[PDB]
Every structure is written in C-alpha cells, then in structure tokens.
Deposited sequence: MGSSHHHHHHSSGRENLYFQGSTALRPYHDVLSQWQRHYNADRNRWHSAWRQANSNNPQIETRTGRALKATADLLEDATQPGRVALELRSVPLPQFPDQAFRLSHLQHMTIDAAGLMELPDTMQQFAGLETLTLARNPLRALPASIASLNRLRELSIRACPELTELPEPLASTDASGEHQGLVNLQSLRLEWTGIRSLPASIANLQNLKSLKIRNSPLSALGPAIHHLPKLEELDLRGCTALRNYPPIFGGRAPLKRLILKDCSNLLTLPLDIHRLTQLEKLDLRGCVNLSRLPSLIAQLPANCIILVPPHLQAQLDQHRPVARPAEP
C-alpha cells in the first residue's frame, strides 16, 4: 500500500536457474545428451554441467569479454537479465539443448555474429531482426526450426530497418520450408546458404537483392523449380543447386544472370532439361551438370 524498484543479483539468478533446469529436464536434457552422443569427454553429470554454463554466463558479463562460446554445455534457455550480455560481439551456442531464445533479442544489441548449432530450437524470436550490427547468422542442425521470423528487414523514404548489416545467412539442416518475402530487403546480404532443408519454394524477388553474390541451395531435395530472374539485377556470381534431387526445371531466362561464374547442377537427377538459352551464360562460367544432361 506504500510502495513508492529492485534487481536480483545475477549470482542468485544463476543459482535459481541451475536448480530449476536441474529439476525440470523435459526436452532439453535428452536433446543436449543426444547432440553430444559422440563426445564422451564432455561433462554429463547434470548439476556440474549446468554449473559450468552458469560460470561461463557470469564471466561473459565482465568487461573484456567479446565472445560467449557455449559448446556442449547445457543452456535450455538464457537466465533472466540477458541485457547484461549487450556488449558481446560474438555468440555461439552449440549442442546445448537450447529450446528458446529471449523474446527481447534487443538485449544482445552488440552482436556481430551469431551461431546456433545442434539445438532443439523450434523458432527464432521476431526481435532477432532488430540486431542491426549482426553481420553473420548461422543456424546448423536445428531440425525443429521450421520458419524464420518476419520482417527480416523493411524499407520505408527508402530508408532501411532491421538486419541491415547482415552479409551472410546460413541455414543448414533445418526444417525451413520457405523464406519470408522480406529476405529480398536485406541490403547488405552477399551470401545466402540454405542447405539440406525442406525448402519447398523460392520466389523471384530473391533476384532483387542488391548485393547477393552467392546462393547455395545444396541438398534441398524438396525444391522443384528454380524461380525466374525477370527484372532481377542481383549480382549473382555463384549458384549452387548441387543434389537438389527433385529439381525439375530451371527458368528460361537463366541467361539474365549476366555475372554468373559458377552454376553447379550435379546430383540434379530429375532435372529433365536445361534451358536452351543456357548457352547464353557468360563464356567463363563454369557449369557442372549430371551425366544425363552433359550432351546438352
């Protein structure tokens, strides 16, 4: 009745966090052990392993620390007060049983690179798109991640917001089936790799990316058509469609990739024909094809 604020010491937050995940093991614990099944040297005693994580978290808050590297230590979720890590420029969370990232990713405002690997992660928070300093985002072996958040970037005025500094996006062995339309808004994206994922479709606006030089879609066995170029002037130099086993067609206007230097079609066993105007690709463009297409 006579209230007229406070803040739990991080060490108390971390002790509560350890006791919590030590008691409540659903989902994360088997995922963390599975991800590390070929690593018998990691700490697998649950309390000790969570304590190791807590200690690394506490260390990362100190000045000096540029990077938080969590490899094979358990981190089901970040403890509260994640804003303590706002100064970090690099973060890796690998084989950690990571189930979810903080809803307010703005708390990691300093990040220039983020790598998430071998986690049961099902979604990325929408606020991940507020990381304006993020240059590289890498997600590998996160089979339960089925969608990217949106918008990834937006454009007014013509002014740009969101992941405006992102240069490289890698999504390998994920459950992602399609990309947000806003992918085409990433003004600084130079390299897009989506590998071994059920990517089912790709829109032609991907060719409107102003700086995209490399598109690597290898092992996307659900992809059945590659989209037309149309008016797209993306300065694409490398197009890797290796082992897209169900790819049936390339567009007829594929020759509009006037800067193409490498086209890799090996393992495209269902690609019935090449476009006739594939002779119109640049002379010094290395084209690799499966045997059934070599004659053409």
(Q) In sequence order, which parts of the deposited sequence are missing C-alpha coordinates? (A) 1-16, 21-22, 175, 316-328
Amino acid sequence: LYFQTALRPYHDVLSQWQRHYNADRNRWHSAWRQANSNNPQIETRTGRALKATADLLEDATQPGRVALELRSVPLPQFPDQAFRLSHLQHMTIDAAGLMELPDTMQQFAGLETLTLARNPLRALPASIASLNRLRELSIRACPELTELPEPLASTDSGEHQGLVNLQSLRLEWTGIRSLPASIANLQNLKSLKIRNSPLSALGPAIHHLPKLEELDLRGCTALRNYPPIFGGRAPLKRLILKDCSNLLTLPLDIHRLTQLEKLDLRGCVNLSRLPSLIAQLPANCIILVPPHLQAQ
From here on, numbers count along this sequence of modelled residues.
Q: Can you let me know which of the two, 210-218 or 89-97, has the higher average C-alpha B-factor in the entry?
A: 210-218
Q) Between 77-85 and 121-129, which has the higher average C-alpha B-factor in the PDB entry? A) 121-129
(Q) Using only the C-alpha B-factors in the record, can you name which of 241, 236, 68, 252 has the highest? (A) 252
Q: Check the PDB entry and point out which of 188, 138, 161, 72 has the largest C-alpha temperature factor.
A: 161
Q.
Sorting by Cα B-factor within the chain, modelled residues only, which third would residue 266 end up in: lowest, middle or highest?
A. highest
Q) If you rank every modelled residue in this chain by C-alpha B factor, which third holds residue 203: lowest, middle or highest? A) highest
Q) Thinking about Cα B factors across the chain, which third does residue 149 belong to? A) highest
**Q.** Chain third (lowest, middle, highest) by recorded CA B-factor, residue given as residue 29
**A.** lowest
Q.
Can you tell me whether residue 37 has a C-alpha B-factor in the lowest, middle or highest third compared with the other modelled residues of the same chain?
A. middle
